[PDB]
Amino acid sequence: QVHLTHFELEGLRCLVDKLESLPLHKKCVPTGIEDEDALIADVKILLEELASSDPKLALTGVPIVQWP
Amino acid sequence: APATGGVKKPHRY
Amino acid sequence: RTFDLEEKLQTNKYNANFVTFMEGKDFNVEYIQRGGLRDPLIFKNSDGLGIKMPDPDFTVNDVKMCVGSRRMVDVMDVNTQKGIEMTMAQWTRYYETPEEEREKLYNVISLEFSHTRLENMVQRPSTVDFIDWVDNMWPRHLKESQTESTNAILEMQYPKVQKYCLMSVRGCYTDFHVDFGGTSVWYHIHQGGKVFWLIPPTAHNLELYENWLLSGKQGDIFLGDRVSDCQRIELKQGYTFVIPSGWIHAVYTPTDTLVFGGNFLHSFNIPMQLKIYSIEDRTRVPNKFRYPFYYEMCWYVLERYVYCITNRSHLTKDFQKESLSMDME
Ligand SMILES: O=C(O)CNC(=O)C(=O)O
Ligand code: NI
């Protein structure tokens, strides 16, 4: 339903593959994160769902991540 | 001697 | 150094055109969404950028009084590219010494002045605020808790890399590098001027850069001579420059100069950010010269995208309550 840029979709896929494959002593899961495996799982689902983002509709001029 | 981070410098010769 | 810096400043061979000359009005989030901040940018005036800077005649002694005489600052010895430290009063003494009485050539490119009186005098381009991972991704109550104005890591509550003051005497040179963590840079010439050599982060050029780093001949091989296309460009007083992730650059200072600038990660060139991080890993760069809390930040990025899009939080309950309190302010 939201449209991400291909810049973001490709970058989030790189980032999830990167963080998932770091061993425990290099993963650096920070203090605020609850269950990082469930996070990795949710990101993969979301990337599948957003894979058909439309490139023109992604150009909203406002970032998807902003504070309320 | 506190450790620092975010120091901008290229590598030494 | 065995290469001739004067010939690198005089030759016409670094004639690539990689920089886009833009008006500030046009540097907005839609521009970043469309182009991925892949091109170096120069803003010959500040109209429309939303920047703020100190008085036009601000001096190094003024910077000193704002950050403290006793603040330790990292300094580069230009001849060796090695680091040393002194206090800001000692640096100011050096900078105020006539040119012919200075024994050595020193540069400061690493004074991060957040959480000092200087911080509210300088604001970077508004668009950077909308995309920087620090401002948009790191838990806000942790960033707001920072008290320490130095870059001591034990007191650092977020990646403290947003606002730096560069003070460079005539003759300063900073050899080719890529900024830490594949950060993008904004750079405003408050007084003076700078000369940059720019090399694009193609796979082949990033392989050359890493091999040059591993060879340890940086003083012998001017890296812009090793690549197919390099651009040397002059930045004049009042210009603002934005360097994209990954770009390999060197910088020469033709006149005493004061710059305000800073670093940021963002969501539109994460593959390059990750590529640069891994070069630093392979080349054994000491942590002090790296982006603080880099993978911690990357975890918070994943959590923000999932929350913002799906309303599913992966922060602890306590962190969620800290955030909700700040939403009600
Ligand atoms: O200004 C200098 O001497 C060096 N500056 C940089 O490398 C930079 O701002 O990214
Ligand atoms: Ni740099």
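Protein chains in written order, with the working numbering: chain D, -2 to 65; chain G, 4 to 16; chain U, 86 to 414.
Ideal placement from N, C-alpha and C gives every residue a C-beta, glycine not left out.
Enumerate in chain order the residues of its own chain whose CB-to-CB distance from residue i is below 6 Å, with the five nearest sequence positions on each side excluded.
| i | result |
| --- | --- |
| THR177(U) | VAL145, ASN146 and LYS149 |
| residue 68(U) | With chain U covering only 86 through 414, there is no way to say anything about residue 68(U). |
| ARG155(U) | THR172 |
| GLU33(D) | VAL26 |
| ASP124(U) | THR105 |
Does the beta-carbon of residue i have 16 or more other beta-carbons within 10 angstroms, so that it is buried, or is it exposed?
| i | result |
| --- | --- |
| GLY58(D) | exposed |
| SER18(D) | exposed |
| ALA335(U) | buried |
| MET413(U) | exposed |
| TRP282(U) | buried |
| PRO65(D) | exposed |
| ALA55(D) | buried |
| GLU197(U) | buried |
| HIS262(U) | buried |
| residue 429(U) | Nothing in the structure corresponds to residue 429(U), since chain U is present only between 86 and 414. |
| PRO20(D) | exposed |
| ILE42(D) | exposed |
| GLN118(U) | buried |
| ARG187(U) | exposed |
| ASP403(U) | exposed |
| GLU5(D) | buried |
| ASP111(U) | exposed |
| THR28(D) | exposed |
| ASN236(U) | buried |
| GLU365(U) | buried |
| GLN(-2)(D) | exposed |
| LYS321(U) | exposed |
| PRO141(U) | exposed |
| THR165(U) | exposed |
Please say whether residue j and residue i have beta carbons closer to each other than 8 Å?
| i | j | result |
| --- | --- | --- |
| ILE30(D) | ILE394(U) | no |
| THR201(U) | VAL152(U) | yes |
| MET222(U) | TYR385(U) | yes |
| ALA6(G) | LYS302(U) | no |
| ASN192(U) | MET161(U) | yes |
| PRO329(U) | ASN290(U) | no |
| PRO13(G) | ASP260(U) | yes |
| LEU16(D) | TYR380(U) | yes |
| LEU409(U) | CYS11(D) | no |
| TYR16(G) | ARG367(U) | no |
| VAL219(U) | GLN247(U) | yes |
| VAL163(U) | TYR258(U) | yes |
| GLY168(U) | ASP132(U) | no |
| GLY277(U) | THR182(U) | no |
| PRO210(U) | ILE136(U) | yes |
| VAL280(U) | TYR362(U) | no |
| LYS245(U) | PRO371(U) | no |
| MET357(U) | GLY267(U) | yes |
| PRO52(D) | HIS3(D) | yes |
If you follow the alpha helix (DSSP H) that residue i is in, where does it begin and where does it stop?
| i | result |
| --- | --- |
| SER199(U) | Where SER199(U) is concerned, there is no enclosing alpha helix (DSSP H), given that its DSSP letter is neither H nor E. |
| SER398(U) | No alpha helix (DSSP H) contains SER398(U), which DSSP labels as neither H nor E. |
| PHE374(U) | Note, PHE374(U): premise wrong, no alpha helix (DSSP H); not H, not E. |
| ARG225(U) | 225 to 230 |
| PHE404(U) | 402 to 412 |
| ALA38(D) | 33 to 47 |
| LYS23(D) | 21 to 24 |
| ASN221(U) | 218 to 221 |
| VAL13(D) | 3 to 17 |
| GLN95(U) | 90 to 95 |
| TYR324(U) | Element bounds for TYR324(U): n/a, residue is neither H nor E. |
Where do the ends of the beta strand (DSSP E) carrying residue i lie?
| i | result |
| --- | --- |
| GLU184(U) | No beta strand (DSSP E) holds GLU184(U); DSSP gives it neither H nor E. |
| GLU170(U) | 167 to 172 |
| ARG15(G) | Taken as a continuous stretch (DSSP letters only), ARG15(G) belongs to no beta strand (DSSP E), as it is neither H nor E. |
| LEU320(U) | 316 to 320 |
| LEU343(U) | 342 to 349 |
| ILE355(U) | Not the beta strand (DSSP E): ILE355(U) falls in the alpha helix (DSSP H), residues 355 to 367. |
| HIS0(D) | First-last for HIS0(D): undefined, no H or E at that position. |
| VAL336(U) | 333 to 337 |
Please go through the same chain and pick out, in chain order, the residues whose beta-carbon is closer than 8 Å to the beta-carbon of residue i, but skip the five residues on each side of it.
| i | result |
| --- | --- |
| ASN205(U) | none |
| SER269(U) | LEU122, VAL327, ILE328, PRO329, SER330, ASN348, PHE349, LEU350, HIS351 and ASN354 |
| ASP217(U) | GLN247, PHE349, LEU350 and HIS351 |
| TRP297(U) | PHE261, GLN303, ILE306, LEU308 and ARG311 |
| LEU400(U) | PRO224, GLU388, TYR392 and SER408 |
| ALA48(D) | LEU6 |
Tell me whether residue i counts as near ligand 4, meaning its Cβ is closer than 7 Å to at least one heavy atom of that ligand.
| i | result |
| --- | --- |
| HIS334(U) | Although ligand 4 was asked about, the structure shown includes only ligand 1 and ligand 2 as ligands. |
Enumerate in chain order the residues of its own chain whose CB-to-CB distance from residue i is below 7 Å, with the five nearest sequence positions on each side excluded.
| i | result |
| --- | --- |
| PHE345(U) | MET138, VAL207, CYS250, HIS273 and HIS275 |
| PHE307(U) | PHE88 and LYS93 |
| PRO339(U) | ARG255, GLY278 and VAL280 |
| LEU299(U) | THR368 |
Requested in this report: Counting only runs of 4+ residues fully inside the segment 113 to 164 of chain U, write out the alpha helix (DSSP H) ranges in chain order.
Outcome: 114 to 120 and 145 to 152
Query - Inside the segment 235 to 299 of chain U only - beta strand (DSSP E) runs reaching at least 3 residues - result: 249 to 253, 258 to 262, 269 to 276 and 279 to 284
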